[PDB]
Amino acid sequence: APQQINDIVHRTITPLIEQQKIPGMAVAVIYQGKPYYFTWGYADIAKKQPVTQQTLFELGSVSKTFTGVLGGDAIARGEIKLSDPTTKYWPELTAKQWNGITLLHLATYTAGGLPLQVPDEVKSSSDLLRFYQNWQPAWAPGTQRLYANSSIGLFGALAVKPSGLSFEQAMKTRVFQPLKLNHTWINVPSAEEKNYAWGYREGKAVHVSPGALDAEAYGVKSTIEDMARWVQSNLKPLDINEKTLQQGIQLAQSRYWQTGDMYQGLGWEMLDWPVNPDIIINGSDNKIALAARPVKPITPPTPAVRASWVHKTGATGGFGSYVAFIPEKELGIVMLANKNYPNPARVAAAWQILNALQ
């Protein structure tokens, strides 16, 4: 790595790890299109297993970027349209509040108040039907953004229905395999458990529990190498040979709604670059990021803007992840940690690194 990259990374990440008491961490900087890797600490504290470039971290809600791109690929294949009604893909969803709720609304958290989580009690498709049939919206569709695993989770499950594939099989065949993400998993194979870091919550080793729509909203595990490749693919989709996947990557960075200075993509969120760092840092705090916010539609959606800060946070009980990139600058960062530490500290560190390298 160029000394300027080593310098800024060690100057930024070393005190972050000390301040947040992070047990293990992996970072990739993508600089002029090439990846540079850094690792610290332990994937398993008690067993003294170091983090390596093959360590699997739980991505939590960063998984939604894969879901958004898979949905964009289905659009590009002609299999779905974002204007399609939800009920086109789930005709059993008959309750009257679903009239007018489209795939766009599900994908972008604008259906009208779908809740942050699918309830833990919901486990089968019959439970899931009852949940969505009994849900009562707080707002008309397309008026308020309320970040929700139950919203984009349902989008992902329905987006793959025309293909005839399960969500997991669609993701493997249409996204992971073409991009050579050979160590990215919705379900970690038995033979890969030795590479799966433990997460740490209040000092206790933990892994994410199964839940309905987990794969779609928060369930992917990946290595720092595969995540660097994922950033490269989203930075420069023109190098992707599979045309519908290239197009799906582009569509996930289209701007569908604006609230404040942020724009909602498919999974990804975007702001115009240069950003105000306080806006992205403070906006990442759960107090703002999980709050309902009024949206303005963008009709037609703005095609992906190269001079954007494109990013996504994610957490599980034991992990904290962050990805951010600037297509115009060919510049990106992935930060994976096996402790869920506050979002603003992730965003502040990422901006400090990328701003120094721009």
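Residue numbers run from 1 along the displayed sequence.
Two stretches are in play, 130 to 138 and 108 to 116, and the higher mean C-alpha B-factor belongs to 130 to 138. According to the PDB record, 73 to 81 carries the higher mean C-alpha B-factor of the two stretches 73 to 81 and 258 to 266. Among 319, 31, 309, 322, the highest C-alpha B-factor recorded in the PDB entry belongs to 31. Across the residues 287, 229, 88, 207, the deposited record lists the maximum Cα B factor for 88. Ranked by Cα temperature factor within the chain, residue 26 sits in the lowest third according to the deposited record. Among the modelled residues of its chain, residue 332 has a C-alpha B-factor that falls in the middle third, as given in the PDB entry. When the CA B factors of the chain's modelled residues are split into thirds, the value for residue 176 lands in the middle one. When the modelled residues of the chain are ordered by their C-alpha B factor, residue 296 lands in the middle third. The deposited CA B-factor of residue 185 belongs to the middle third of values across its chain.
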